[PDB]
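The chain below stands alone, shown as structure tokens; this is the form deposited in one PDB entry.
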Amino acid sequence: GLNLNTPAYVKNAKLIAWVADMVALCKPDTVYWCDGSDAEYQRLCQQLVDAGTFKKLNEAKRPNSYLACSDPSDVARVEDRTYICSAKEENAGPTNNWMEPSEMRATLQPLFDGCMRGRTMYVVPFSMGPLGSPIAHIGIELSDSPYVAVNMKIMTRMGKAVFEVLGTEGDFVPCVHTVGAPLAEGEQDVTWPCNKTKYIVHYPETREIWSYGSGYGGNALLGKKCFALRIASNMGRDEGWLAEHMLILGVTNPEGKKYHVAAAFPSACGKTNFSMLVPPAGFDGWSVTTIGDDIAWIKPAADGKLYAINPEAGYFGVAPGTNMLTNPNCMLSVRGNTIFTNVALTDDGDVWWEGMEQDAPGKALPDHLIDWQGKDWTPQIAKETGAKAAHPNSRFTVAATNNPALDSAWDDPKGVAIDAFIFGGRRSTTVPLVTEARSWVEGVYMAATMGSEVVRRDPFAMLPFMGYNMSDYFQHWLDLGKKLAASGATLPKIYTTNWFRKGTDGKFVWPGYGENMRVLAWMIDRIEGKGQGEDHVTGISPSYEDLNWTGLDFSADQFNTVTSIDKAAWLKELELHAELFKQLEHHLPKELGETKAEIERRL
């Protein structure tokens, strides 16, 4: 313990032994255990400023906020370098990259050997989920990136409080991360260390996560995707719960009754926008509050209800496109205490990203910016070269509590009971504005066949994040629905939504954003037994008179444009579904084929 600079409050022999093994391998100059305190956060931020990784933003424009820009090779998750190394290839499935675990371990051994020379190893303890929640789990991330440490502080419950939960023998998800850039004696560092060679590896049987070469987002903040979705989905398959790529919101109606919805979108900002939706005119008595905007851990309880927690403590959101029109709650969240990554820098020390011009007088672009590559940027350079000031995948990192619409139960260890699931997508035709599934199986089918416009399929929005065979995951969901039904409780309703039906002129007809409240309210009306609708091939959809249009000029003709179901359109759709089910043929539940046949027979 002393050889690792181990704090006296760490009483977990298995943890210390593992850290010792990883220290012997990675050979850091020093070891620092993060306590998660505000003072530590401030010290690390100043160190990032001194290193040039952070620029501190103008305190008058964005208090206690920082801007980091990354190496152009290291700007996003690299799915081609992400591996599920289950013992058997079939347990990775056709949606994951696989390698024999022994071969990958022998591949990573020489990369991690001495990877942290000349650097500090940060021991980052964290809880995914409220501390001590029965739905929460602990991870430890070893990282040589102080950027990882400060972002993990915001994104997780991080620090010394974790060891109270862990105790002397509690288990944890072991995570090891290196930027893959050992420093020699006298060698000068760079502002964004990284390696052109990257590996993001998961060993499900042992819950291990190994990440080499990237300092960025989902590759390096190992709680968010690697733990919260890939490892956790395996744990949930074994222990009877779900780890989903879903926002969680609470919605209260004028009577005061509160419902909770979990929703998966294939979009970059769809969940964040929907999860912080501000009710438009005509809904003065409604409230929408955010439990989470990205990850949901959902555990059935004895009462036949599904209880979801958000396992994260902050938002790691895509910045471009965010403004007061599309997402004012998000804009308000990032007014301060935020870490921005790869957005642009203004001449007065503020940040900017494509889309903020919607809030500016005359919708005017700034005259000059420093773009995420450190290059001069002007509207003329953009207009003539297409250069973006902010990277398309640029991010804000901010505490959940900065969101003014944060739900008061966001940190409740019991979670919230899910009344409905929503599965979205982008479809110019075919898919109506909103459809309610007639049965659990038909809802799983909707989730399994989610697509975005050619139409790319993203079942459950989990295509990059499934921890095991996607088909077995389908079966997990079906088996869950059987158990819930057997409790006699009311099942969560399952909806499909599509904000992006196009007209004859090729333009979107549904205004979206806040107006999506009119669709969400129909779901609540349905849950309460007051909502009406007509039945069609794929499910039940509202008629024009079943939605509240107060405060929105939207005609029955426009409504028909975004809700019309065409026999020929869906005949083509099912052909696309068949191709998907061919890729996922292994262990594909028969209920999916039976559901497709029923849609065919009904057509």
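Rigid core here is just the name for the largest C-alpha set that superposes within 1.5 Å across the two forms. When you see a residue number, it is the position in the sequence shown, counting from 1.
Same protein, other form: the form deposited in another entry, not shown, and the subject of what follows.
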Subject >> Moved residue between this form and the one not shown - picked from 502, 117, 81, 207, where its Cα shifts 2 angstroms or more relative to the rigid core >> reply: 502
Subject >> C-alpha of residue 39 off by 2 Å or more between this form and the one not shown on rigid core >> reply: no
Original post:
After a core superposition, would you say residue 568 shifts its C-alpha by at least 2 Å between this form and the one not shown?
Top reply: yes
Subject >> Rigid core superposed: residue 428 CA moves 2 Å or more between this form and the one not shown >> reply: yes
